[PDB]
Amino acid sequence: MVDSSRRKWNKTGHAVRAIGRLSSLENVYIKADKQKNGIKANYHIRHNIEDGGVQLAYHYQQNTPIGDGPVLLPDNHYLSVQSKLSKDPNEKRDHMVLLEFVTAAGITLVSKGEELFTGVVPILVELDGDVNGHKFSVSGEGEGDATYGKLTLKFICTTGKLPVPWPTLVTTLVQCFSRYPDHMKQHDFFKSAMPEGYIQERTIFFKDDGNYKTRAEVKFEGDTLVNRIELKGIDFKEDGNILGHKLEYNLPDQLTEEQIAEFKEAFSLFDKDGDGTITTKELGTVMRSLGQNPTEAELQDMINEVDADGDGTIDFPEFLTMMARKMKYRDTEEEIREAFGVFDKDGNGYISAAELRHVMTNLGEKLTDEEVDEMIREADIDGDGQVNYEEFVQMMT
Ligand SMILES: [Ca+2]
Ligand SMILES: [Ca+2]
Ligand SMILES: [Ca+2]
Ligand SMILES: [Ca+2]
Ligand code: NA
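Structure determination for this PDB entry is given in the record as X-ray crystallography, at a resolution of 2.05 Å.

Take a look at the structure:
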């Protein structure tokens, strides 16, 4: 009864959420910058806020070769990055342990500098920072293995306490370790600039707060890949998320079997032929039943956003990965309102039973005019017989 309702809901909410993810740009987007003989990159990072929503950090980036040698200017593509932050239980100093996995994708189905990345390469990181006049240094060390896009670093704040959250420095503190697939080796700018290296420059805008400006030199010093950085931060709020340390350090590396099974149920609403992959046709069917009407091109681009193997379809594991990440890094209010907007057909700020029934039956759920009410009940905080925004928020967690 309650069970069925709760279950029928998760499936819908998850499907809507999947469309939200597929309509978003969460990767690192790289483009050639012929005028500078380099590349540009653009992306955003989500920083979960302790007991709250999410902090956005909008990154603009340029990389320029230090040397005169030829480099590879890529076609447009992306890097997909997975990071984990941890603490060294024996470390007394303010520190961060970082693991990253970085892979290039985005282009559907080898430079001299790449030979320097065939095995495990030692890394040294040095940063000097100044944020609102609060100065600091970080040293880090570790190793990278481009064969797997793997890197592991440990950083120490050598000046005492870091005056900003460690997660805000992850992107600043070696994309040369990215795994490029065989068909995309001609688009690896980073390794092509080695050993002489490149300059990596960023402006990072933390929404509703200040911005970082960074300049780094990434180059070999003997056998070690070194990342030397300068960071300047201005316009930060003294009691904002950054200077006020209001950001979460790490997420459970967890995700229960029950959450995974919920993802699988949602997957199966898109994979209508049961073949274990989602096609543009399947994707378009679901979107249209939700009242959208994307073109073929939009459908291919939505799939391409999460298509790890470049086959043109969202395979079962690609979808699982995408959902896991959508649940770990929180949504903006604008994104939750878009999702709400799918159900709220008249746009009055209230999901009626008639609206919900419309959405469900459109998605091809066989539900009773009683199961429909049963669903509203579960979500209805204030007992008005409808679902408002704050109530939707709850229904989506
Ligand atoms: Ca299928
Ligand atoms: Ca695929
Ligand atoms: Ca409405
Ligand atoms: Ca209500
Ligand atoms: Na603001």
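Taken as a whole, the chain is organised into domain 1 (2–23 + 253–395) and domain 2 (37–234). Counting residues at the interface gives 18 residues for domain 1 and 17 residues for domain 2. Interface area, domain 1 with domain 2, both sides summed: about 1,300 Å², of which 41% is carbon and sulfur. Looking at the side of domain 1 facing domain 2, the largest losses of area belong to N304, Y329 and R330, adding up to 43% of the total buried there. In this structure, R46 engages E335 in a salt bridge whose closest nitrogen and oxygen atoms are separated by 2.7 Å. For the interface between domain 1 and domain 2, the tally reads 12 residue pairs in polar contact. Contributing elements (two or more residues each) for the side of domain 1 that touches domain 2: α6 (316–328) and α7 (333–343). At 3 residues, the largest contribution of residues to the side of domain 1 that touches domain 2 is made by α6. Broken down by class, the residue content of the side of domain 1 that touches domain 2 amounts to 3 nonpolar, 4 polar and 11 charged.

Our focus in this paragraph is the pattern of salt bridges. Taken as a whole and judged by the stated rule, the model has 20 salt bridges. Between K326 and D331 there is a salt bridge, with its nearest N and O atoms 2.7 Å apart. With relative accessibility at 13%, the residue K326 sits in the buried group. One salt-bridge network, in which partners are shared between bridges, spans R215, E217, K219, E221 and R228.

A separate point is helix α4 (residues 280–289). Of all 10 residues in α4, 7 are buried; the element is thus mostly enclosed. Along α4, the residues classified as buried are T280, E282, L283, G284, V286, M287 and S289. Contacts made by the buried residues of α4 are with α1 (2–22), α3 (257–270), β12 (277–278), α5 (296–304) and α8 (353–362). Downstream of α4 by a residue or two, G291 has a phi angle that is positive, lying close to 95°.

We now examine the coordination of the calcium ion (ligand 1). Binding of the calcium ion (ligand 1) to the protein goes through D271 (OD), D273 (OD), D275 (OD), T277 (O), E282 (OE) and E282 (OE), at separations of 2.3 to 2.6 Å. Because the angles between the 6 donor atoms bound to the calcium ion (ligand 1) fall within 51 to 160°, the donor set is best described as irregular. Between the donor residues of the calcium ion (ligand 1), the gaps in sequence give the motif D-x1-D-x1-D-x1-T-x4-E. In this structure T277 comes out as buried when scored by relative accessible area, which is 11%. Classification of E282 as buried rests on a relative accessible area of 10%.

On to the sheet that holds strand β11 (residues 224–234). Read around the closed barrel, 11 strands run β1-β2-β3-β9-β10-β11-β6-β7-β8-β5-β4, paired in mixed fashion. Each strand of the sheet is rotated relative to its neighbour by a mean of 20°, with strand direction disregarded. Inspection of the sheet shows strand β1 (residues 28–33) paired to strand β4 (residues 77–86) by 3 bridges, in the antiparallel sense. For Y29, the partnering residue across the bridge sits in β4 and is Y78.

This part takes up a nonpolar patch on the surface. Residues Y58, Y60 and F205 make up a contiguous nonpolar surface patch of about 310 Å² in total accessible area. Along the chain, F205 falls in strand β9 (residues 198–206). For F205, a relative accessible area of 39% corresponds to the partly exposed category.

Turning our eyes to something else, we now look at the pairing of strand β3 (residues 54–65). For β3, the tally of buried residues reaches 9 of 12 residues, placing the bulk of the element in the interior. The antiparallel hairpin formed by strand β2 (residues 38–48) and β3 contains 5 residues in its connecting segment, where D51 sits at a positive phi of about 55°. In terms of strand pairing, β3 meets β9 through 9 bridges, oriented antiparallel. Across the sheet, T64 pairs through a bridge with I199, a residue of β9.

To continue, consider unusual backbone geometry. Of the consecutive residues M194 and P195, the connecting peptide bond is found in the cis state with omega at 5°. Position of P195 relative to the elements: it lies in the loop between α2 (189–192) and β9. Phi angles above zero are rare outside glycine, and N132 is one such case at about 55°. The topology assignment puts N132 in the loop between β6 (120–131) and β7 (134–145). Positioned with a positive phi, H245 is a non-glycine residue whose angle comes to about 50°. Among the secondary structure elements, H245 is positioned in the loop between β11 and α3. Looking at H245, the relative accessible area reads 39%, which means it is partly exposed.

Moving on to the coordination of the calcium ion (ligand 2). Every protein donor of the calcium ion (ligand 2) is accounted for by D307 (OD), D309 (OD), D311 (OD), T313 (O), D315 (OD), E318 (OE) and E318 (OE), and the metal-donor separations fall at 2.2 to 2.7 Å. Residue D307 is classed as buried on the basis of its relative accessible area, which comes to 1%.

Looking at the element boundaries, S139 is found in strand β7. The sequence separation of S139 and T171 amounts to 32 residues, and the corresponding C-alpha distance is 15 Å. Dropping the residues within four chain positions of it, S139 is found in contact with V125, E126, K154, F155, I156 and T158. Reaching out from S139, the side chain makes a polar contact with the side chain of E126 at a distance of 2.7 Å.

Thresholds applied
- Residues numbered from 1 in each chain as written, not as in the entry; some residues may be left out.
- Chains lettered and ligands numbered in written order.
- Heavy atoms only, no water.
- Residues with missing side-chain atoms left out of burial classes, pairs and counts.
- Domains from an automatic or database assignment.
- Contact = heavy atoms within 4.5 Å.
- Buried area = accessible area lost by both parts, 1.4 Å probe.
- Salt bridge = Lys/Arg side-chain N within 4 Å of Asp/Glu carboxyl O.
- Polar contact = N/O pair within 3.5 Å; in protein donor to acceptor, adjacent residues only side chain to side chain.
- Helix = DSSP H or I, 4+ residues; strand = E, 2+ residues; numbered from the N terminus.
- Nonpolar A, V, L, I, M, F, W, Y, C, P; charged D, E, K, R; others polar.
- Buried < 20%, exposed > 50% of the residue type's maximum accessible area, 1.4 Å probe, protein only.
- Donors = N, O, S within 2.8 Å, 3.2 Å for Na, K, Ca; no water.
- Tetrahedral: all angles 85-135°; square planar, octahedral: opposite > 155°, others 65-115°.
- Pairing = 2+ DSSP bridges.
- Axes fitted to C-alpha atoms, helices over the stretch in contact; angles between N-to-C directions.
- Patch = residues over 30% accessible without salt bridge, like charges linked within 9 Å, V, L, I, M, F, W, Y side chains within 5 Å.
- Areas by Shrake-Rupley, 256 points an atom, 1.4 Å probe, with all protein chains shown as cover.

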